[PDB]
Structures are given as structure tokens and as C-alpha cells.
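This report refers to the structure that appears directly beneath it.
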Amino acid sequence: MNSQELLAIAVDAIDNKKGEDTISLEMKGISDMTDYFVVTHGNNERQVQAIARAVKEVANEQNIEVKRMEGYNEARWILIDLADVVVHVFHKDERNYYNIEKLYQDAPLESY
Amino acid sequence: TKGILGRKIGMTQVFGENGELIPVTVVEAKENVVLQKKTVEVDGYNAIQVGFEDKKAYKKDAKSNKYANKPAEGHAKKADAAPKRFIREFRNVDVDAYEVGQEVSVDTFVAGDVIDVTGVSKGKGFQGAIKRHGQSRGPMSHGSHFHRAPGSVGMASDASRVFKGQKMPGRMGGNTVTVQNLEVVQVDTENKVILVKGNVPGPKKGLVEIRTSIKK
Amino acid sequence: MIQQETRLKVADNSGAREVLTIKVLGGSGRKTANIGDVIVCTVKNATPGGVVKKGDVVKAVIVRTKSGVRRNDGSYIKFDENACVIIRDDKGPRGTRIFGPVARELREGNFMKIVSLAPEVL
Amino acid sequence: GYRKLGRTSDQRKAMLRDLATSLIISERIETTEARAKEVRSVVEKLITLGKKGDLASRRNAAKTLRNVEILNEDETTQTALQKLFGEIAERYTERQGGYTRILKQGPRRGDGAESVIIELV
Amino acid sequence: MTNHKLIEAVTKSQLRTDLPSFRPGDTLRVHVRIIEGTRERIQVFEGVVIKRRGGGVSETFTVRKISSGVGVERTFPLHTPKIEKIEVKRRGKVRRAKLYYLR
Amino acid sequence: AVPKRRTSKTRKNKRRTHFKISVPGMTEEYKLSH
RNA sequence: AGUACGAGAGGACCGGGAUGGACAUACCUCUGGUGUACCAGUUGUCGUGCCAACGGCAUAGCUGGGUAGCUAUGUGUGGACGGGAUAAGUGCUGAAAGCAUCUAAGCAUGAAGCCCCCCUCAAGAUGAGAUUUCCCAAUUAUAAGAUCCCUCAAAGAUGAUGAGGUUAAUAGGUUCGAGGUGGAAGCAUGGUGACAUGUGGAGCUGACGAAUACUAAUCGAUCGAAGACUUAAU
RNA sequence: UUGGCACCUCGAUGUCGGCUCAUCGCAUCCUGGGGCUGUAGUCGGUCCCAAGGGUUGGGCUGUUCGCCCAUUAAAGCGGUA
Ligand SMILES: [K+]
Ligand SMILES: [Mg+2]
Ligand SMILES: [Mg+2]
Ligand SMILES: [Mg+2]
Ligand SMILES: [Mg+2]
Ligand SMILES: [Mg+2]
Ligand SMILES: [Mg+2]
């Protein structure tokens, strides 16, 4: 198994579930904790459970385990992690508050 | 089941497969022999009487326990042995097996089994009431004369006696304790050693008693 | 270790700088807390201009200690000060940007949002 | 070892240094049992420096042996330090340790204390 | 440790003869392998040697570093399999054998 | 902390059963001067 | 396991673990605390008309560290499940009075509670038990067998328990190792100098380990059994 | 519990809280069984069986008690000069 052969599938169920600015970052020459990140955001409190409840299955297709869904019920910022891919499900505006992309502005990024 | 006797030697550690540390004691177990198989028709219980360490033979001006005596010597050679120092009976073990005069090898213990250990404690002399039973000590400033002492003992002119199961000073130490459900790590055969995960009672050079667990 | 009437510090961009511990969230008469532990605090010193003023009770999380943690591989890690980070109802941080390292034990502690943001994990 | 003898450190370190010296001069003394099971050791570690005889041992054969006692044997004068490396060392050049010998006399009158002799061999 | 030699014999095939030498105050690097999944990477720790005790399998040391203002320390066993290698790259002079004046 | 009664003549003497002394050894008279 | 059930959302039964808080017990391999006969550093003043290499007292003269040993804030187990029945409460045949009905002749059911299962002490249990082997007379000596007495701790207020007594490795010492300190003295190069380098991971080392009869466990004394009687079977 | 009576004790029965220790009782605060209902589900409410074990740290005034922030499966009422 390998990561780069597993991120075109990672952008899959989040454009299926109609994610927006669904970009992806890498951390090869950055960090030693996780390879690549994926990012998104969503509008409605209803709309934020289905984006990531899907990812539960899609990790069971390759049969990699999931360990936590933080703020899932609260439905504000949610994080399913895999040590190679991460699904940061955001809100319409909290994306701007934390502003992920510019902390790691020095990130080779790719749009999808 | 199965049971072997031996001496506690020391304590060290080993590295597992995942580099994890596992702490271990080191049990030596040589020269065990069976000396009397039992019966229900005679005693009322089946068992296996076993003896562990060798000693010397009868002597005329004999003034130790190194050199054996005649009643002992008349019990070793019966089952074709030498005089044995320590003796114990094991009662929870199958008796159709274990013929007489043989030896008992550590090899009957695999690595990864489960056991329970039984031995003596260490000696503390005449000790108080808060090292022993472990209970609160009193103030040391603000004008106080109660520091390390057992406060009260009774109530009043009702129940003017003092009940029996009461906590006072005295002696704690060489009592019989057991430990349940430890693990077998590794089993040498030449040096005749068995290793156990965890620490077990007694002092060094003491005596240890090993047996299979009964629980699930 | 972190117990009642203990003064940690703060390592986030949320105004509160120093705090005072007054509880630990176990419950059977618990009397300490190490890394990975949700607690209750107040503030005793802030910065002018921010989002968490002085006199506000809040819950908070450890990230560093003088006493370390006993890794199962037979390894130990002890820092040279203490530190804390302030959180919210949604199990996530008040501010945004983390300062100073943290400890890897926070990955299996559902604090992945904070390793998601911090310079040096170690 | 490890005996205190009802005498605190600063006192015991000076009582065991007088015993080691006055013994050597007369080779035979009369003490209680306990003390002579402790100069059983201090003085046996003190000939083992006298067989070397080097310049360094004389420097550690003075940090326990006692101040220069101007002896007077037959028409002479010595020091307890130019008697220990010249004379005892030469008698005892071919044995191993064990050159002391304890001997039990009776008790005393006043305090009821076992009395023993100690000499060299 | 020749007591009766039964403990320093069993614990013989858990040693390793791969590791260079080092006294206190001798900078060196430490290539751990860290397992957080099906397979994971290395993540060096670098620093300066302050402590070393013991003998046998239970022989330890520790190293100090500063990292973005804060100090940190990690102490390791010498014979564990995690530690791929050790790389001593500098050497010094001191008069102590436990170093704590570094805080 | 103070005696409430008198001690009889018996209880005084039932108590001194063990309040005696002992004998030396006997080597041929010669002392056991090991 | 979103299945029984729930108007759907919600939600068990089932039964699987994973990780914990308080509490109770053994231990010292790790992390750490002490360590007053161990190792370096360092000020003041007395002792050698001084060189400082040494000692004494000044909280152990102060400071940095620390072996054996006892310790927790450290290191590992434990709580039981499982069964025998019993409260309320669920029932079935079944009479009462046809039918009825859980109690009346009957009879399954079912609570962390109760006795049994797990750990510890126990035959002065005068109801004083059960095996195994060893010892056997001319009041009377003495046998198996123990105690006095001397060397010591894995034990210990004192008694007692335990290891060993010259066919002997018990404690000490001597010769080798470990762990700890952190590079002696003394000569030799370099610096005007106080200093730093090299000969040399040096030298010293209390309590832990081994080997070795050089010292002493000498000498010698004292207690100590000789199977009753019927009434049966032999 | 506030009391009534004045039977022992005045040639001495010599003291309200809190600290240290513990011990019994249920008319049960939590856990454990169940019945009942408007308990659809949850959440309860009500009465029934049950004492094996369990039952928190701190601020103000003397504080016995009282009020208040903060946690907890729960933060029990009475006896024993
Ligand atoms: K208080
Ligand atoms: Mg006073
Ligand atoms: Mg005598
Ligand atoms: Mg003076
Ligand atoms: Mg009244
Ligand atoms: Mg009244
Ligand atoms: Mg009247």
C-alpha cells in the first residue's frame, strides 16, 4: 500500500458530496508525521455529517481503521485521520477563522 | 497439572519483539525428585510429595542440618535418591502419571503459560501502627502532642471491653503470601531456569513454590 | 504534578497567559493530572486586547510537564517547564496558532486538532 | 562490619586509631570483646601497606596511624612508622593475612564486661 | 557481575555490538524508528549527553536539547531494537560525570 | 496509673518462677575460655 | 446492533473487548529520594623557625555526586466469573365452590444479599487425629535423637526461627571481579608567571560476588526410652 | 427535640465543636432486582425486596449549623456519658 495512489480516491466522496475548494496539501519535505492533507468546507449542519460519514465506508473499502470523529455530533469542525490523508470538514466561516492554508502558506498545494 | 520448586536468584529485564520492556525474576530449579505417591485408601487424599535440593550423608558427630540423619536417610534411599533438604506436598495434580524416583524437568512448562506463585515474605521487626496498617498521622505544629500514635481504642462506659480485631503495633513479616496469574516468558533447559513476568515475594536465596493457575 | 492551586502557563493566541488550576475531571477523589487531561481553571494575567479576559472560568488541557510519561517501549521524556492550552465546548481550541512543542501522546488522546497546527511534535 | 559502639563518628574514628598504635608497641593488649573485633580489621589493613613499603603507602599509612610517639626500646628511639615498615613487615613477608589472635579471659568486676587479649601472629 | 553467573548468561542474546562509545558532553544523534501504522519512519533526536548509568541490559543514558525556546530531554536504553544507530560527531572536555548545571 | 489493691503473698511468688539465674558451662576446674 | 421494540427519529436484549478512578497487597529491574567508617572540589584558623603533600575542630566545617540497604510519588498482580437455593414479582397443571385461581396435594422460575467455590491461621479439636522412616537393657546405666557452649544473618526488643562447627568455606582477612567517583603521587615537555597537556579511563574504594585454611569456630560436659489392664478378634 | 418529675452521684460522675481511630441499626442517598402508570423512546414518578460494599476537595464570619463557586455513579438520615 501507498499514499499517492490513494488520494484521487480521497477527493472522491467529497466532490460526490459536493465539497468546495477541496484542495490537497503535501508534507513530504515539511513534516515527519503525516504525508498529505486534504481540505474542504461545507454550509449546513445537516450537510456536514454526510460528507464524512461516507469517509467511514471509504476507509473500510481499503479496510483501514478509523479512530475518532471529533466534534462530529457538535457538527462544527470534524477530523478523520489516517496518518497519510486527513479530511478537515469545516464550516462556511470557521475556514477563515483558523485559516489553515496560510499557516502552511509555504505548502505545495494542488486544486481539485 | 504441574508443579516445580526452586530458589529465587534475582531480577532483571528483557526486550520483547516490539522492543518493549518486560520485567522478570529468575528462578533456579534443579534436582527435584518424587519420594512418595499417595492414595485415598491410606491417607484420604491423592498427592505427590517432592523434594528439591541435595545435601550430604550421615555422619557420627553431627551438629548441623548439612549432614542428614537416619530417619531422613531411610526415606531417600527407599525411592533411590540422596538426602533431600526441602520437602513439600502437591495435591492438585494427576497421580496416574508421575511414577516414583524420577526427576521433574522444567521442560513441562512452555513459554507463555499462566501460573501462581507462593512464598514467604520479608522480615520487618517490631513495627508501629502506620507503617503496618497504614493510617493517618497527626499534626506536627499548632501546639500538638499527637504525631504517630493510634488515637482511640473504644467508646465509653457502654461496651467497656475492647474488641478483638483491633489495630495495635507488633510484628509483621515472614507470613505466607501468594500471587495469582503471572506469565511464563522463557524456559532454559541446561542452566535449568524458568522466567516469570512480574516480581514475586521473598528475599534472595529464599525458597519459591510454583504451580499452575486454577482460574480462567 | 498538576493539582488544585497550581499555576500553569498558556501557549496559544487567545489572550489568557497565566491560569490557576482548581479541579481535575475524574471524580473519585482524584488528586493529580498529567498530560492529556481536561481540567478547570481561571485567569490571573491576560494581555490587553483579545477574546479571553481576566476573571473567566474555562476548561483547559496539558501539553507539557516536568514529570514526563512512561512510554511502553521503555523510554521517557521530561521538559523543563509546564504549559496548558485553552479549549471550547466543541472539544477544540479557543485560539488558532500554537506556540512551543507538544507531546506525541496527544495523538491517541483525541487532541489531533492541536498536533494539526503545532511546529514541533516530539 | 558496621558497629557504632555508643560513640559518634568523630569519637570512634579516634578511639580505633589509638588502639591500632599502642598495640603495635607492646604487641599485646587487654580490651573488651567488641572493640577488638573492629581493630580485628583496621590493623590487618595496616600491615598490608607495610609490605609494599612504597612512598605512597607511607602517605596513607599515616592518615590512620597515630602521631609520632617517640618510643624508647633498648637504647633507641622510634616512631611507630619506622617500626611498622622495617620490622613487622620483615617478620611477615611470606604469609597471607590473619596475623591477629583473640583470647578470652573472664569478665570484670564492676561493669560485668567480657575481657579479652589480642596479640600478633 | 559474577554472582553465580546465571543472570548474566540468560541475558546474553539481547545485547548488541553495533553501538559506538561515548562519555558525557559528546554530541550525538539517535535514529529511532517509530511505529504509528502499518509502517512508519525514523525521526532523529539530536542533543548532548548528560547522564549514563548502569551495566547490563539495564544500561541507560539521556541527552539534552533546546527546541524553540523550551528545553527537552529523552533517556533511552542502550540495547533496545528501536534505535537503529548512534552517530557520535563531536567530543569535548569536562570534569564532572553527572551534568545538571545545564538545568 | 496507681494500684487499686494490695498484692497478696502468692501472686508475688507465682511471678518469680522465672526470676532466677543460670549456671556456667563445665569444661574439665577449667573455664570455657574459647 | 440500529436488529426485539419503537408512529419514524431514537433504543435495547445479546455479548465482545479496549482504556481507566479510588482502594487492598508483594517487590527495587526501570524512573527518582536518602545514604554520619566511600570519591573529587573548597574557605578560615592551630600543629613541622616554610614547600604544600597531610590530619584535628568549626551543623557531617560547606558545596557537586553517590555502592549495599529500607523506601513511593515508581514497577507488576487482585476485585472474581461460576454454581446451590431463597425475598419480592413473573407463571403453569390444580383443587377450592363446576368454571376460576401462583400454593391448597402438587410444581419450574428468578436478587450485589445468604452457605459452597478463591487467599491466610489452625489437633491445648483434653472429641489432644493421620501416614513415612529411624532407635531397643544390666533400679540401671545409655541408644535414636536433641540442648548447653563458640562463629554469623536471608531472622530479630529479649527468648525463639534459620545458616555452619577442623572429614570445616561459617564471619574476618588476603588475592581477583563488579558497581561508583572522574584522571593521584612522582618525574618529564610547554608557559616570565598563576597554569594546561603526556606517560595512564589513572589511582583509591564501607555494607554485594567468587576463590584461598593464614586467624578463631578449641577444650570438653549435661539431659535422655525399655509397650499397663481387662474385654474381643488373632 | 423544647420540656415535666427530682429516683443515683456535691468527704468532685470534671468540658460544645473540629483532628486521629473505628462499631452497630434501616424508617435506602448510589449501585442491585422488579411491579406500576399519561414509561409511546428516553426521562421519570410511585410504592415493593435488599445493609454485601460504597459514600468529595475549598471560600466567608466562633461557627454547632447556614449560604456560595467547583466536581461527582452518589455527594444519605439516626444511635454508641
Ligand atoms: K479546610
Ligand atoms: Mg505544653
Ligand atoms: Mg564464655
Ligand atoms: Mg584541637
Ligand atoms: Mg425537664
Ligand atoms: Mg430529658
Ligand atoms: Mg418526694
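Bear in mind that the values in this text are calculations on the coordinates, not laboratory data. Here the Cβ is made from the backbone with ideal geometry for all residues, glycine too, and neighbour counts use every protein chain on show.
Given charges of +1 on the Cβ of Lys and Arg and -1 on the Cβ of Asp and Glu, with all other atoms neutral, how large is the dipole of chain A about its Cα centre, in debye to the nearest 20?
For chain A, the charge dipole is close to 420 debye.
Excluding residues on the same chain fewer than 8 positions from residue B:2, give the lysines whose Cα lies under 18 Å from its Cα.
Here the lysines satisfying the reach criterion relative to residue B:2 are B:30, B:37, B:38, B:192, B:215, B:216.
Run the dipole for the protein assembly as shown about the Cα centre, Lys and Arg Cβ at +1, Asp and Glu Cβ at -1, nothing else charged, and hand back the magnitude in debye, nearest 20. Could you put the intermediate results ahead of the total?
Numbers: 129 positive and 88 negative charges, 1112 e Å.
Around 5340 debye, computed over the protein assembly as shown.
Work from the charge dipole of the protein assembly as shown (Cβ charges, +1 for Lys and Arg, -1 for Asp and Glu, about the Cα centre) and give the residue of D:50, D:19, F:26 farthest towards its positive end.
Result: F:26, furthest along the dipole toward the positive end.
Considering only D:103, D:16, D:65, give the residue with the highest GNM mean-square fluctuation for chain D, with springs between Cα atoms whenever their separation is below 10 Å.
Checking each option, the largest mean-square fluctuation is seen for D:103.
Just to confirm a number: summing +1 for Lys and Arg and -1 for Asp and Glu over residues other than residue D:118 whose beta-carbon lies under 15 angstrom from that of residue D:118, what do you get?
In short, -2.
5 Å is the cut-off here: which amide hydrogens, built 1.01 Å from N in the peptide plane, fall below it relative to residue A:26, excluding neighbours closer than 5 in sequence?
A:37
For segment D:27-101 and segment A:64-95, what is the separation of their C-alpha centers, rounded to whole Å?
Value for the Cα centre distance between the two parts: 84 Å.
Just report the Cα centroid separation between segment B:99-139 and segment E:79-103, whole Å.
40
Go through E:2, E:48, E:80 and say which Cα lies farthest out towards the positive end of the charge dipole of chain E; charges sit on Cβ, +1 for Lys and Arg, -1 for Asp and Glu.
The Cα lying farthest towards the positive end belongs to E:48.
Where a Cα-Cα gap under 19 Å defines reach, which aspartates and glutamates qualify for residue E:85, not counting those fewer than 8 residues away within the same chain?
Hits, sequence-local ones excluded: A:32, B:17, B:20, C:73, E:18, E:26, E:40, E:46, E:59, E:73.
Over chain B, with a Gaussian network built from C-alpha contacts below 10 Å, which listed residue (B:69, B:32, B:181) shows the highest mean-square fluctuation?
B:69
Rounded, prolate or oblate: pick one for chain E, where a ≥ b ≥ c are the square roots of the eigenvalues of its C-alpha gyration tensor, a/c under 1.5 means rounded, and failing that, prolate if a/b is larger than b/c, else oblate.
Oblate, because a/c is 1.5 or more while a/b does not exceed b/c.
Within a 10 angstrom radius of the beta carbon, how do B:184, B:193 rank from fewest other beta carbons to most?
Numbers: B:184 17, B:193 21.
Ordered from fewest to most neighbouring Cβ atoms within 10 Å, B:184, B:193 come out as B:184, B:193.
Just to check I understand the Karplus step: with θ = phi - 60° and J = 6.51 cos²θ - 1.76 cosθ + 1.60, what whole-Hz values come out for segment E:28-43, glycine and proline as x?
Karplus values, whole Hz, x for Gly and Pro: 6, 10, 9, 8, 6, 10, 10, 10, 9, x, 4, 5, 8, 9, 10, 6.
For segment D:74-111, state which trypsin sites (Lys or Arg not before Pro) are in a DSSP loop and have at most 11 other beta carbons lying within 10 Å of their beta carbon.
Sparse-neighbourhood loop trypsin sites (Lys or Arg not before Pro): D:95, D:108, D:109.
For chain A, just say rounded, prolate or oblate: build the C-alpha gyration tensor, square-root its eigenvalues into a ≥ b ≥ c, call rounded for a/c under 1.5, and beyond that prolate if a/b exceeds b/c, oblate if not. Don't jump to the answer; show the numbers that get you there.
Numbers: a/c = 1.57, a/b = 1.09, b/c = 1.44.
Verdict is oblate for chain A.
Given H placed on each backbone N at 1.01 Å, which residues far from residue A:86 in sequence or on other chains put an amide H within less than 5 Å of it?
A:38
Around residue C:10, which amide H atoms from residues at least 5 apart in sequence, or from another chain, sit under 5 Å from its own amide H, with H modelled in the peptide plane?
So residue C:10 has HN proximity to C:84.
Would you mind giving the three semi-axes, in whole Å and largest first, of the ellipsoid equivalent to segment E:49-103 according to its Cα gyration tensor? Provide the component values of the computation, followed by the final result.
Working: eigenvalues 82, 49, 30 Å².
With the √(5λ) rule applied to segment E:49-103, the semi-axes are 20, 16, 12 Å.
Could you tell me the number of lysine pairs in chain D with C-alpha atoms less than 14 Å from each other, where the two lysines are 8 or more residues apart or belong to different chains?
7
When every alpha-carbon pair in the protein assembly as shown is counted, what percent end up more than 50 Å apart? The partial results should precede the final answer.
Details: 117339 of 250278 pairs.
More than 50 Å apart: 47 percent of the Cα pairs in the protein assembly as shown.
Classify segment B:130-186 as rounded, prolate or oblate, taking a ≥ b ≥ c as the square roots of the eigenvalues of its Cα gyration tensor: rounded when a/c is under 1.5, otherwise prolate if a/b is larger than b/c and oblate if not.
Oblate shape, in that a/c is at least 1.5 and b/c is the bigger or equal ratio.
As a test of the definition: which semi-axes, in Å, follow for chain C when you take the square root of five times each eigenvalue of its alpha carbon gyration tensor? Largest first, please.
Numbers: eigenvalues 97, 62, 34 Å².
Square roots of five times the eigenvalues give 22, 18, 13 Å.
Which of B:31, B:183, B:17 moves the most in a Gaussian network model of chain B with Cα springs under 10 Å?
Answer for the Gaussian network model of chain B: B:17.
Convert each backbone phi in segment C:15-26 into a coupling constant with the Karplus relation 6.51 cos²θ - 1.76 cosθ + 1.60 (shift: θ = phi - 60°), then list the ³J(HN,Hα) values in order as whole Hz, x for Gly and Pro.
Rounded to whole hertz, the list is x, 5, 10, 10, 9, 9, 7, 9, 5, 9, 9, x.
To the nearest 20 Debye, how big is the dipole of chain E about its Cα centre, given +1 on the beta carbon of each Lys and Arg and -1 on that of each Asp and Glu? List each step's numbers first, then the result.
Values: 24 positive and 10 negative charges, 107 e Å.
Using only the charged Cβ atoms, the result is roughly 520 debye.
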